[PDB]
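Since the structure comes first, as structure tokens, the remarks are kept for the end.
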Amino acid sequence: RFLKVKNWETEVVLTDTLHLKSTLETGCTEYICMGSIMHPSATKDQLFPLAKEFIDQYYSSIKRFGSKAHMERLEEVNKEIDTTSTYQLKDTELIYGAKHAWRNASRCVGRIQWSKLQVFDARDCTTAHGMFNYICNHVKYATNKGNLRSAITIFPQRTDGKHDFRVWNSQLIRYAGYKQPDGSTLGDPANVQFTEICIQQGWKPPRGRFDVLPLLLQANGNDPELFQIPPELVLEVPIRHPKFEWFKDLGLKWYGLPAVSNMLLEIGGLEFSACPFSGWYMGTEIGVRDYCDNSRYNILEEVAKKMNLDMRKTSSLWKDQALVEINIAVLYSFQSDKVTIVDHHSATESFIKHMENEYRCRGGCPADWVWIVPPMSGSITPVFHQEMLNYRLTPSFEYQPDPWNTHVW
Amino acid sequence: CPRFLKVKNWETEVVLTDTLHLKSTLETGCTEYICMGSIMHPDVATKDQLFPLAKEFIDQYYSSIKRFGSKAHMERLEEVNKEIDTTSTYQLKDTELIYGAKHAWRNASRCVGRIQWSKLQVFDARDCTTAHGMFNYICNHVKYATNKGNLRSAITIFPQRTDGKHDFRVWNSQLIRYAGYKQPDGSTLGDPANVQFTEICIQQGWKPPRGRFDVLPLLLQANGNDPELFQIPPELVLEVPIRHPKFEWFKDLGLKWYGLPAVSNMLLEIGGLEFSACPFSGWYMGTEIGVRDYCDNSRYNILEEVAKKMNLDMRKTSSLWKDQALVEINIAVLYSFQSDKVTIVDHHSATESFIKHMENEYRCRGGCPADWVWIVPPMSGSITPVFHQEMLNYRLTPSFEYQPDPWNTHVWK
Ligand code: HEM
Ligand code: HEM
Ligand SMILES: CN(C)c1cccc(CNCc2ccc3ccc(N)nc3c2)c1
Ligand SMILES: CN(C)c1cccc(CNCc2ccc3ccc(N)nc3c2)c1
Ligand SMILES: C[C@H](O)[C@H](O)[C@H]1CNc2nc(N)[nH]c(=O)c2N1
Ligand SMILES: C[C@H](O)[C@H](O)[C@H]1CNc2nc(N)[nH]c(=O)c2N1
Ligand SMILES: [Zn+2]
């Protein structure tokens with residue numbers, strides 16, 4: 001069942017064989033496509049086949065399939081599940097698994113970097129203070145004074161679901177959001193809820209536009225605890241425009257390190273509920289989504305006024321104009337501060353090249369066109385014209401529910 | 001399949017509930033293990049295949065006019081059945097034809113303009129027998145729809161397929177398009193998208209002006225005969241010269257586009273009947289011209305030339321010089337059309353209308369199939385409301401379908 005994907009601009013056709021190695025669902029059926037749905041719908045006996053699957057591909061990946069080492073590992077993992085209802089990955093396997101979860105992440109346009117990932121093993125962590133220490137080291141390592149380095153820190157795997165390690169923040173670094181008396185919103189409205197949970201727990205908010213949230217860390221199923229990231233570890237960039245000297249007066253800033261902390265890493269049937277990972281920003285993430293989404297910072301109107309645009313009718317495309325200038329400013333600011341960032345043209349171009357490598361060496365590359373195509377200037381990037389196949393490979397990063405919906409104190 | 005599927009809008013938190021997907025009649029191409037949502041494209045029906053297909057449609061029609069189960073309903077069923085049994089096909093009443101065409105549009109998941117679905121002038125050309133007659137019908141379509149700039153959506157429907165060796169076909173992908181010419185040096189003049197078709201017209205006897213914006217002749221096939229060339233009267237072809245409200249130099253690019261987008265190569269399927277020639281037209285969303293026609297690399301590819309005249313730094317991609325030029329080009333397209341009083345809609349207005357449309361459809365029909373990949377405009381996606389709208393895609397009938405290009409299948413006489 002070979003499948004072709006065509007690029008309609010280059011006329012290049014690639015052939016997908018890798019999709020046959022999928023066992024998990026996408027949500028679509030033969031009659032309904034859920035391609036634009038954000039979130040479409042263990043035990044001993046469940047655990048061994050999954051473990052065996054993963055061990056098999058690991059030893060296949062290192063070109064020693066059926067080897068002496070392979071056979072022993074299967075036997076070892078088998079006995080361990082049998083006696084403990086779970087098992088422990090070797091260090092090599094942990095690293096392999098984390099890199100391959102990134103490699104398999106269909107929504108990520110940054111996967112050309114997949115094999116360059118610093119993996120921090122934190123599976124010996126037992127307390128929230130421990131988690132905080134590991135997270136601080138992660139932030140300091142990955143930030144690297146502006147020359148950002150991809151990293152992931154991995155906390156103890158789930159056991160019975162009652163003793164989960166969770167990073168309650170959705171990212172290690174985010175700005176707080178405050179509901180104002182007049183019903184408006186101060187700061188980042190995405191984090192309004194979380195921000196209030198921090199307030200409720202003892203955090204004293206400066207009530208500003210860009211207040212770095214505290215860490216809320218839960219170890220071994222216990223109540224979460226508050227920690228302030230040492231500010232010298234938090235790299236931030238003042239946004240300015242290279243032509244418009246009034247732009248700095250907007251008072252905008254963003255942090256340099258995007259560090260997603262609320263996903264679940266699944267490897268060989270094992271679940272890692274706390275696995276903050278980080279790379280670096282594509283400019284549009286901040287410039288289009290964080291800044292210009294109606295339900296986020298929502299600055300288009302303000303910027304539009306400073307550029308003195310006619311805002312009476314949509315067909316003047318004043319929004320599109322303002323959107324481009326904002327995104328120029330973000331790239332300029334980060335570059336001028338020697339902080340790693342990628343523009344959407346460069347990123348999408350690297351992704352097409354990555355796709356080509358993957359088809360050539362791996363027989364395909366799962367990819368989610370809905371997420372891959374940038375949220376501005378879509379068809380002037382090469383991925384718009386790229387047919388992609390989406391399918392779920394393991395190891396993977398999965399969504400999990402917010403901890404405050406399932407945690408009793 | 002579950003009876004209630006929910007879609008969420010991530011900007012407004014509005015949740016809608018779809019039940020209409022249960023009426024889905026054909027395959028998307030996806031399976032449970034793979035999604036083909038970004039794939040562009042993922043001899044006749046026997047008596048027994050035709051019976052349920054026809055009954056399905058007739059039931060739907062009589063349900064729509066609140067006469068389901070009526071004597072007229074059962075009579076129509078019995079008459080259709082007899083007709084299939086004695087002729088292996090059947091003929092649609094004018095009322096059913098009009099309903100079916102409007103519903104094929106209503107069902108078109110890739111169309112952002114469907115709020116207008118129930119306002120569609122249908123021209124019944126099922127009495128057409130020759131290519132000259134097809135030409136007459138098409139000229140009348142163009143003039144009515146153009147309406148001196150005040151465009152009116154319309155479809156003209158030619159006779160349905162019979163044995164498959166007598167198809168009516170418009171060979172043109174749209175009624176109005178510009179020629180493309182491959183040069184000996186590898187460069188292209190005009191629209192690179194139309195090179196192949198242009199070549200065919202030239203072989204058929206067309207004398208090409210060999211310019212940048214040469215309107216192509218119609219290449220019309222009636223009753224399965226070899227196709228024939230016809231020139232559309234130029235006074236019927238409304239065109240807009242592109243200028244920019246600020247940049248005086250923009251008119252010097254010698255750009256223009258035609259006013260009427262009129263897809264002419266799709267197949268219209270109603271109650272199992274196949275109308276292989278059904279040119280239809282609405283009006284343009286600006287980005288269709290300003291982003292795709294003008295800025296695609298494989299199309300007119302003008303970004304560079306515009307950026308140069310704007311004197312942009314074009315060395316660092318991170319200057320976003322492409323993005324900056326793209327916006328100006330789209331501003332010029334909208335300004336030129338509005339100035340010449342030719343109907344056009346910007347992508348903000350269109351997508352906002354589609355959201356209101358989609359909500360109404362979920363309310364009154366239990367759903368609205370939509371293809372997010374197509375519905376989200378090719379620029380500024382995130383700042384239009386559709387980007388944030390979860391959509392369910394599925395294929396309802398009647399529908400517009402793709403069909404192979406006629407020169408690939410035609411048996412030359
Ligand atoms: C190194 C530079 C990287 C770049 C430029 C990059 C780029 C992106 C972008 C732009 C998105 C879309 C996010 C959004 O729109 O909200 C994304 C998604 C994603 N990325 Fe990457 N990424 C990078 C590194 C990484 C790393 C190191 C990992 C994991 C180890 C990773 C895993 C993921 C996952 C799982 C998603 C899906 C997020 C979701 O479903 O919410 N990425 N990436
Ligand atoms: C009245 C104003 C209309 C507007 C603003 C509009 C808008 C659009 C746009 C922007 C597209 C995407 C085209 C592309 O990117 O190639 C599209 C596709 C489509 N439209 Fe509409 N449309 C209109 C009228 C109509 C009518 C009258 C019909 C049929 C009766 C129709 C049926 C379709 C179909 C079948 C597609 C899919 C085209 C394909 O798959 O190539 N539209 N429409
Ligand atoms: C609920 N959830 C999983 C969540 C939480 C925060 C943000 C998001 C959206 N995904 C954003 C994201 C993820 C990974 C990235 C890696 C690199 C990069 N530059 N940006 C990323 C953005 C979802
Ligand atoms: C079937 N095929 C290959 C084909 C032929 C011509 C054009 C296209 C792309 N679809 C363009 C289209 C379709 C309907 C429209 C309705 C209104 C409008 N303003 N634009 C439309 C563009 C594909
Ligand atoms: C409804 C739709 O799935 C949702 O808005 C998606 C669309 N594409 C996206 N693409 C990226 N990269 N990030 C996102 O958050 C989204 N949101
Ligand atoms: C690969 C991808 O499916 C292809 O480029 C699509 C994307 N979405 C589109 N959307 C519209 N409206 N028109 C198009 O031609 C396309 N092309
Ligand atoms: Zn799908």
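The analysis underlying the following values was restricted to heavy atoms, covering all of them including side chains, and did not include hydrogens, waters or symmetry mates. So you know, we letter chains A, B, ... as the sequences are listed, proteins then strands, and number each from 1.
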Heavy atoms of other groups near A:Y399 OH, more than 12 under 6.0 Å: yes

Would you list the atom pairs, donor with acceptor, under 3.5 Å between side chains in residues 362-378 of chain A and any protein atom, with sequence neighbours excluded?
{"from": "A:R362", "atom 1": "NH1", "to": "A:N104", "atom 2": "OD1", "distance (Å)": "2.9"}
{"from": "A:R362", "atom 1": "NH2", "to": "A:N104", "atom 2": "OD1", "distance (Å)": "2.8"}
{"from": "A:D368", "atom 1": "OD1", "to": "A:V370", "atom 2": "N", "distance (Å)": "3.1"}
{"from": "A:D368", "atom 1": "OD2", "to": "A:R107", "atom 2": "NE", "distance (Å)": "3.1"}
{"from": "A:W369", "atom 1": "NE1", "to": "A:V383", "atom 2": "O", "distance (Å)": "3.3"}
{"from": "A:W369", "atom 1": "NE1", "to": "A:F384", "atom 2": "O", "distance (Å)": "3.1"}
{"from": "A:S377", "atom 1": "OG", "to": "B:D323", "atom 2": "OD2", "distance (Å)": "2.5"}

Partner residues of A:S61 under the side-chain contact (heavy atoms from CB on, under 4.5 Å) criterion, sequence neighbours left out: A:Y58, A:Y96

With A:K4 via side-chain contact (heavy atoms from CB on, under 4.5 Å) - residues at least two apart: A:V13, A:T15

Donor-acceptor pair, distance only, cut-off 3.5 Å: does the side chain of [X] make one with the backbone of [Y]?
| X | Y | value |
| --- | --- | --- |
| A:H19 | A:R1 | yes |
| B:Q403 | B:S276 | yes |
| B:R106 | B:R114 | no |
| A:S261 | A:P276 | no |
| A:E93 | A:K90 | yes |
| A:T10 | A:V12 | yes |
| A:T348 | A:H345 | yes |

Option passing side chain to side chain donor-acceptor pair (under 3.5 Å) with A:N7 (candidates A:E387, A:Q386, A:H385): A:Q386

If you round to the nearest 0.5 Å, how far is [atom2] of [Y] from [atom1] of [X]?
| X | Y | atom1 | atom2 | answer |
| --- | --- | --- | --- | --- |
| A:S350 | A:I352 | OG | CD1 | 10.0 Å |
| B:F4 | B:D18 | CZ | CG | 10.5 Å |
| A:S67 | A:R73 | OG | CZ | 12.5 Å |

NZ/NE/NH1/NH2 to OD/OE distance under 4.0 Å, A:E266 and A:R392: no

Would you give me the side-chain donor-acceptor pairs under 3.5 Å for residues 282-289 of chain A, sequence neighbours excluded?
{"from": "A:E285", "atom 1": "OE2", "to": "A:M282", "atom 2": "N", "distance (Å)": "3.0"}
{"from": "A:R289", "atom 1": "NE", "to": "A:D293", "atom 2": "OD1", "distance (Å)": "3.0"}
{"from": "A:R289", "atom 1": "NE", "to": "A:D293", "atom 2": "OD2", "distance (Å)": "3.1"}
{"from": "A:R289", "atom 1": "NH2", "to": "A:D293", "atom 2": "OD2", "distance (Å)": "3.0"}

Working for side chain to side chain contact (heavy atoms under 4.5 Å, CB included), residues A:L172 and A:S278: CA-CA 9 Å; A:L172 301 179; A:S278 70; 5.9 Å; no

Result block: side-chain N/O donor-acceptor pairs under 3.5 angstrom for residues 33-42 of chain A, not counting sequence neighbours:
{"from": "A:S36", "atom 1": "OG", "to": "B:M391", "atom 2": "N", "distance (Å)": "2.9"}
{"from": "A:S36", "atom 1": "OG", "to": "B:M391", "atom 2": "O", "distance (Å)": "2.9"}

Sub-4.5 Å side-chain heavy-atom contact between A:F272 and A:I152: no

4.5 Å side-chain heavy-atom contact, A:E271 and A:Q157: no

Partner residues of A:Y31 under the ring-ring contact (aromatic ring centres under 6.0 Å, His included) criterion, sequence neighbours left out: none

Heavy-atom closest contact (A:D56 atom, A:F65 atom, distance): O-CD1, 3.9 Å

Minimal non-hydrogen separation, B:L303 against B:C295, with atom names: CD2-SG, 3.5 Å

Residue pair B:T28, A:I32: steps toward the side chain to side chain contact (heavy atoms under 4.5 Å, CB included) verdict: CA-CA 6 Å; B:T28 55; A:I32 308 93; 5.8 Å; no

Mutual orientation of the aromatic rings belonging to B:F400 and B:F280 [parallel < 30°, tilted 30-60°, perpendicular > 60°]: tilted

Six-ring centre of A:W8, A:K6 cation under 6.0 angstrom, axis tolerance 45°: yes

